[PDB]
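In the block that follows, a single chain appears as structure tokens, in the form solved without the partner chain.
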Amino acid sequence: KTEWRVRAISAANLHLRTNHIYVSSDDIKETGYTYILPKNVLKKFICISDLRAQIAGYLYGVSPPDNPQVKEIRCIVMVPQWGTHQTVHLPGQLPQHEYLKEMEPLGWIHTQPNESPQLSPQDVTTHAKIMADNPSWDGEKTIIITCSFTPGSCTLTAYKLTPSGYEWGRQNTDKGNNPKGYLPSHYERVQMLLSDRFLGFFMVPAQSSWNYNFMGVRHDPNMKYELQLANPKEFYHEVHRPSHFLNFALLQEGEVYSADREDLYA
């Protein structure tokens, strides 16, 4: 469609949402862990997002010394992906790299087109599938952070899956908006904080780019990729949409009658 232009124009103004970021305050249980997300990576992750299509990124971090309850998030890993407004499709292979062996997986963060009072069934299904496929993701350590786009700002909330949630999500095969057997008891909300005390970093695929929304046919759930230390490109970067730049008939006799003036300063 030709509607990507208005979306690109809107996404060019995502740095304005960066100023106002609201962390949801709730009835915390304070029995499990608490997670600290540095503001710089959140700012960049919002800036590279799109209002209509969700993007996702794996969370990697470590617990600081003599304080195991808190979990500092140190890295956000962007992987080849293509997103729908209600779900994000990302490959089965979890990111692996020498730089990430020291740290541990803490979950994944994804943007959301609109504010939702409850965690979407697609998110719990995806998290349960990831946990089932990979034993490295602990049931209680991993979380889901949803960064909804409120009017003029963005509110982000963390969630955790109960064992019943894992049990239901692993066997779930329905991609509908309201699957059967889904109840709020599956997930629990987890306290999280933003901080400027420390800085995080990004990791992006070594080959090509992390975004396959435009080149959808090239994305296959079984694809393999390698990571690197680099900052991600914006959603509507030129690299991400080659079908708009590459295909162009190169003129030969177009310039035969081109107007002639001398570039004196050249």
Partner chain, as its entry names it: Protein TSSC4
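Take the two forms, superpose them, and find the largest set of C-alpha atoms that agree within 1.5 Å; that set is the rigid core. Only residues modelled in both forms are compared. Positions refer to the first chain, counted from 1.
The form deposited with the partner chain bound is left out here; the points below concern that form.
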{"item": "Interface membership of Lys43, the partner chain in the deposited complex, 4.5 Å heavy atom rule", "value": "yes"}
{"item": "Contact test in the deposited complex: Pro135 vs the partner chain, heavy atoms, 4.5 Å", "value": "no"}
{"item": "The partner chain contact in the deposited complex: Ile143, any heavy atom under 4.5 Å", "value": "no"}
{"item": "Residue contact check: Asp26 to the partner chain in the deposited complex, 4.5 Å heavy atom", "value": "yes"}
{"item": "Complete contact of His20, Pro151 and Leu156 with the partner chain in the deposited complex (any heavy atom, 4.5 Å)", "value": "yes"}
{"item": "One stretch from 166-174, 77-85, 188-196, 120-128 that, in the deposited complex, holds residues within 4.5 Å of the partner chain by heavy atom", "value": "188-196"}
{"item": "Sequence-ordered residues of 112-144 touching the partner chain in the deposited complex, heavy atom within 4.5 Å", "value": "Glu115"}
{"item": "Stretches between the shown form and the other one where the CA atoms of at least 3 consecutive shared residues shift 2 Å or more, core fixed", "value": "246-251"}
